[PDB]
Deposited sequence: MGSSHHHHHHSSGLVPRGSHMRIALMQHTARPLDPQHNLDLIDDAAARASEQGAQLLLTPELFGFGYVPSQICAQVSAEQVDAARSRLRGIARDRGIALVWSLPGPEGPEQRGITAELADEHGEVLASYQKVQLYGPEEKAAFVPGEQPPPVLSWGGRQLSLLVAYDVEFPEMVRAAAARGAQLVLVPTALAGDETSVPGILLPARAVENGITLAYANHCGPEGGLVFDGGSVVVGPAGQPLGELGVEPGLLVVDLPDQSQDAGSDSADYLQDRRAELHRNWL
């Protein structure tokens, strides 16, 4: 409903089912969600991992060209601009099929790409056969009056990855994902801790339903710094819209910790 007193940031998460290797269909879904989110006064939409081509790592490696990726990227940039909403998407990276990773990018409501990130923690042998892991820490940047960061899927299950973002100043960590197999412990146990242990908010935007041989969990959720869900979805397609309102980060003995991992 109306924008509340004490909140100047409203975000949206898109949860849906992608069709493998059908970017027109899947990008039309992101466009629809971008329009709906903007109508509802959201200033940013987060969408799921690899949504544009579907979560089909081996098929992306075998069949999706770098020109096809760039064409998708250009369409997404255009969605951000034309729907007047900041947009986080996740595509293969821009290099050739043998050299690219899984990425997330944030465009602002003018369509400018503010940040780009390559997934550091690849999940399972199919991802590691299809993609090159990232080697750079998560980006952190000002938008909308806070410091935003990006991570992708499996990354968030590693406390080190979230801590890397929070150490750079992140307040709001945005995470495209693709989580199947009724893995309740990720949103149920790990995300709340990542929020509490850093004092941050995290947004986690999943696929749902039958896609590419898997049944995705849905369960998209925004978790606040107390570890509580600010909003959550179930297993069906939906558009989650949320208004956002111990000193672990200082106390940690990072110079010892770094020697002990």
Residues of the deposited chain that carry no C-alpha coordinates are 1-12, 258-267
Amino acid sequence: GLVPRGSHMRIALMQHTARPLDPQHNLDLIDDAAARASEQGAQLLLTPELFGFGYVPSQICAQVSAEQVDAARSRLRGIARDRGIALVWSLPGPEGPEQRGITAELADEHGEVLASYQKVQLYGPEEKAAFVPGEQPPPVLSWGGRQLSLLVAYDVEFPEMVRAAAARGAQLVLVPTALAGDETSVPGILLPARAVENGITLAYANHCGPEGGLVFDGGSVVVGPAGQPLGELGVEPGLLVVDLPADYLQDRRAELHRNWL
From here on, numbers count along this sequence of modelled residues.
Of 136-144 and 155-163, the one with larger mean CA B-factor: 136-144
Between 193-201 and 223-231, which has the higher average C-alpha B-factor in the PDB entry? 223-231
Among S74, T177, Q171, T103 - the residue whose C-alpha B-factor is largest in the record: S74
Largest Cα B-factor, entry values, listed residues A18, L249, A12, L244: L244
Would you please rank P48 by its C-alpha temperature factor against the other modelled residues of its chain and give the third it falls in: lowest, middle or highest? lowest
Here the Cα B-factor of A80, set against its chain, lands in the third termed middle
Mind checking which third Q63 falls in for C-alpha B-factor across the chain? highest
Going by what the PDB entry lists, where does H110 fall on CA B-factor within its chain: lowest, middle or highest third? highest
Pull the Cα B-factor of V69 out of the PDB entry and bin it into the chain's lowest, middle or highest third. middle
